[PDB]
Amino acid sequence: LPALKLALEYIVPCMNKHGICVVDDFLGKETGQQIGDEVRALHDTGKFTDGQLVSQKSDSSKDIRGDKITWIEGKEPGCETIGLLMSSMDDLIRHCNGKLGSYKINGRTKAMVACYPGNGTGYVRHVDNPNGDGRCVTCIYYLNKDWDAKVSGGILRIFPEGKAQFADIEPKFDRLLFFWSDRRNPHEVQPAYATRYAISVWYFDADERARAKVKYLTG
Amino acid sequence: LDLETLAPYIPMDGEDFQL
Numbered sequence: 188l189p190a191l192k193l194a195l196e197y198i199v200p201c202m203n204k205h206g207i208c209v210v211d212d213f214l215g216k217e218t219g220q221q222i223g224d225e226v227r228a229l230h231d232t233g234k235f236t237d238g239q240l241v242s243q244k245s246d247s248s249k250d251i252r253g254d255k256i257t258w259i260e261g262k263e264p265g266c267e268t269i270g271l272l273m274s275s276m277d278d279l280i281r282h283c284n285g286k287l288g289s290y291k292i293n294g295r296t297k298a299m300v301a302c303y304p305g306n307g308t309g310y311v312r313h314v315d316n317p318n319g320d321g322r323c324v325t326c327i328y329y330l331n332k333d334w335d336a337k338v339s340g341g342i343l344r345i346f347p348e349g350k351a352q353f354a355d356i357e358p359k360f361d362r363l364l365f366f367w368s369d370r371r372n373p374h375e376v377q378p379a380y381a382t383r384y385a386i387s388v389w390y391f392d393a394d395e396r397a398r399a400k401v402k403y404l405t406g
Numbered sequence: 524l525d526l527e528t529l530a531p532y533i534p535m536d537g538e539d540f541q542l
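Laid out in structure tokens, this is it:
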């Protein structure tokens, strides 16, 4: 769909009023199927490894998140449609320049292709960027065709701060999701009993990311 | 307690993708 109208008339006000935005049928059935095929090709060839945490301590990572992930730049062979999805995400964000809060977005992480392989695996309640590592917007694309949440679970439950209700996001096929990465949106991935795929990106605020890099580079 | 023990890891030093 046209990036300008979607960004300015839907995504921007949605994020500024709620901090969460859902865009269903983002790319269409075809492109979604190609992205799913590429993700399953990554899975089949053993590209996924245990999802990690910002701060590792005595606990095993699988007690916190049960997904296995890999990182995609978008230009790798066999990942072309993932690159197209990433470029679409970037196009929307660029069309949101200077309208999402006070943030000045100039970059993002690579794409995290994540798989919860059923068996009740999930992600405990957590905040994506609690201590200001520069991430200001979390963007997720779901590509699970035939997903039935009432049986397979895997719902992303977000507890937006100050709201009388929480937001349940089913990992529906072709769904795109935006939400503030900071403490305003704690969230959990409820247990999944089927193979659940997602592709996540974290967009950086320029100043906060600069400060975070300064802190990291100085010890 | 320390919420960073539960936050998803992203590369810190690295490069980052510039838009």
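Keeping their order, the protein sequence lines are chains L and D.
Mind the numbering: the first sequence is residues 188 to 406 in the UniProt record's numbering, read in order.
Mind the numbering: the second sequence is residues 524 to 542 in the UniProt record's numbering, read in order.
Where is the CB? At the ideal position from N, CA and C, for every residue including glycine.
Check: Excluding five sequence neighbours on each side, which residues of the same chain lie with their C-beta closer than 6 Å to the C-beta of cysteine 201 of chain L?
Finding: Numbered from its first residue, the first sequence carries residue 201 of chain L at position 14. Contacts found: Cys208.
Check: Whose Cβ in chain D lies nearer than 7 Å to the Cβ of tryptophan 389 of chain L?
Finding: Numbered from 1 along the first sequence, position 202 holds the residue referred to as residue 389 of chain L. In chain order: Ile533.
Check: Terminal residues of the continuous beta strand (DSSP E) containing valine 338 of chain L?
Finding: For the purposes of this step, residue 338 of chain L is taken as residue 151 along the first sequence, with counting starting at 1. Element bounds for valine 338 of chain L: not the beta strand (DSSP E) but the alpha helix (DSSP H), 336-339.
Note to self: Is the separation between the beta-carbon of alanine 336 of chain L and that of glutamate 357 of chain L shorter than 8 Å?
What the structure shows: The count along the first sequence starts at 1 and reaches residue 336 of chain L at position 149. The count along the first sequence starts at 1 and reaches residue 357 of chain L at position 170. Yes, Cβ-Cβ distance for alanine 336 of chain L and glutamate 357 of chain L is below 8 Å.
Notebook entry, point to check: Shorter than 8 Å from the beta carbon of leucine 526 of chain D to some beta carbon of chain L?
Noted result: Position 3 of the second sequence, counting from 1, holds the residue named residue 526 of chain D. Answer yes: the Cβ-Cβ gap between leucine 526 of chain D and chain L drops below 8 Å somewhere.
Note to self: Could you give the first and the last residue of the continuous alpha helix (DSSP H) run that contains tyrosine 329 of chain L?
What the structure shows: As a first step, residue 329 of chain L must be located in the first sequence, where it is residue number 142. Per DSSP, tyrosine 329 of chain L belongs to no alpha helix (DSSP H); it is in the beta strand (DSSP E), 322-329.
Next item on the list: Kindly examine the ligand NAD and report whether one of its heavy atoms sits closer than 7 Å to the Cβ of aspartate 277 of chain L.
Entry: As far as ligands go, the structure on display features none, and thus does not contain the ligand NAD.
Check: Does the Cβ-Cβ distance between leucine 271 of chain L and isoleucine 198 of chain L come in under 8 Å?
Finding: Taking the first sequence and counting its residues from 1, one reaches residue 271 of chain L at position 84. Taking the first sequence and counting its residues from 1, one reaches residue 198 of chain L at position 11. Against a cut-off of 8 Å, the Cβ pair of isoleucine 198 of chain L and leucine 271 of chain L comes out as no contact.
Note to self: Between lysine 244 of chain L and chain B, is the shortest Cβ-Cβ distance under 8 Å, so that the two count as touching?
What the structure shows: Checking the listed chains, one finds no chain B in this structure; the protein chains it contains are L and D.
Check: Applying the criterion that 16 or more other CB atoms from any shown protein chain within 10 Å of the CB defines a buried residue, is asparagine 284 of chain L buried or exposed?
Finding: For the purposes of this step, residue 284 of chain L is taken as residue 97 along the first sequence, with counting starting at 1. Counting Cβ neighbours within 10 Å, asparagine 284 of chain L comes out exposed, since fewer than 16 surround it.
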